[PDB]
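Given as structure tokens, the chain that follows is alone and in the form deposited in one PDB entry.
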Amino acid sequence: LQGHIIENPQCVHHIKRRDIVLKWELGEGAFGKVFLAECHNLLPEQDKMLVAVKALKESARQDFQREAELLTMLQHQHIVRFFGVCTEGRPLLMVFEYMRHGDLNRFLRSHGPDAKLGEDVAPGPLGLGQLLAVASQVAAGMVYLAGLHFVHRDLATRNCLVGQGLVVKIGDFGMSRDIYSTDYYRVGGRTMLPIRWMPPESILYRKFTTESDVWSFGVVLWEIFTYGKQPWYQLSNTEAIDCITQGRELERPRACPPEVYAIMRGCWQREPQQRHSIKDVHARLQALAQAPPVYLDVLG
């Protein structure tokens, strides 16, 4: 499964069941459901705090232990915080920080020109500075994963979360194939591929590396500047496979300056070895994110 942390061949904190108090469901997938909950005695000078709890729907017990081990390793400002597990009785639970604004795709769409309707964001569409801040934070999380030699394989805005103060982090609760089924191409009986985010070598040769994740980051950058639109939305799944393998590139979004579109094309070099590194991509976006109003006003 592309995006499943256990596809990486690289101690776990435990929380008592009495310390977790379920509030309501946030979502559900084929592997289980997610709830908002209050977690007691988790962090000092807080006493009580909101968390997102993933409940497991055997080999699944072994998958759970391996997932928990890998999630414990990931500790970064731009990776969704994993607090630990609850193993006393059933269902087994995984506890994560709660991200108020939900997934990045939903956040972009709700703050784009097609939205229906102010604590963390100004009225109307997200400005250039805000779009650059979002992009920079996702790149920072990808720099951290590249540094640990982790290959995501399902990087996309749906697989990022947005918290209070527009803090953006990479992470998901394993429900993207259920919530965003049209973002995947169904092969056989259960295989679902995020082809629109995949480079030619991943589609043609099934090779996944730090470089295929750079390509996916370029597509993320494109989703950010189109306010969450699906890449190749005008194409069917087979038509998108044809365009990607033929070497066609996503058009410059209207809200995207040429400086940013350059960073996107740098992620989309046909040859994996010639794609810019995530360190270089993050350095450029961060520089543009923290540029003074005088400098990015002439970019916009």
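For every residue, the number given is its place in the sequence shown, counted from 1. Definition used throughout: the rigid core is the maximal C-alpha set that superposes within 1.5 Å between two forms.
Notably, residue 187 is an intermittent gap: at least a third of the other compared entries of this protein, restricted to those modelling both its neighbours, have no coordinates for it. Note: missing coordinates for residue 297 occur in none of the other compared entries bracketing this position, so the one-third threshold is not reached. Gap check for residue 117 to residue 118: 1 to 3 deposited residues are absent from the model. Looking at mean Cα B-factors across 206-214 and 169-177, the upper value is held by 206-214.
When the mean C-alpha temperature factors of 132-140 and 182-190 are read from the deposited coordinates, 182-190 comes out higher. Ranking 67, 38, 239, 47 by the C-alpha B-factor listed in the PDB entry places 47 at the top. Taking only the listed residues 30, 250, 244, 34, the entry reports the highest CA temperature factor at 30. Ranked by Cα temperature factor within the chain, residue 231 sits in the lowest third according to the deposited record. Remark: residue 103 belongs to the lowest third of its chain, ranked by C-alpha B-factor as recorded.
Ranked by Cα temperature factor within the chain, residue 265 sits in the middle third according to the deposited record. In the PDB entry, a CA B factor belonging to the middle third of its chain's modelled residues is recorded for residue 76. Among the modelled residues of the chain, residue 110 sits in the middle third by CA temperature factor in this PDB entry.
Just so you know, the form deposited in another entry exists too; it's not on screen, but the next bit is about it.
Superposing the two forms on their core leaves just one of 257, 231, 266, 29 with a Cα displacement of at least 2 Å between the shown form and the other one, namely 29.
A displacement of 2 angstroms or greater separates the C-alpha positions of residue 123 between the shown form and the other one, with the rigid core held in common.
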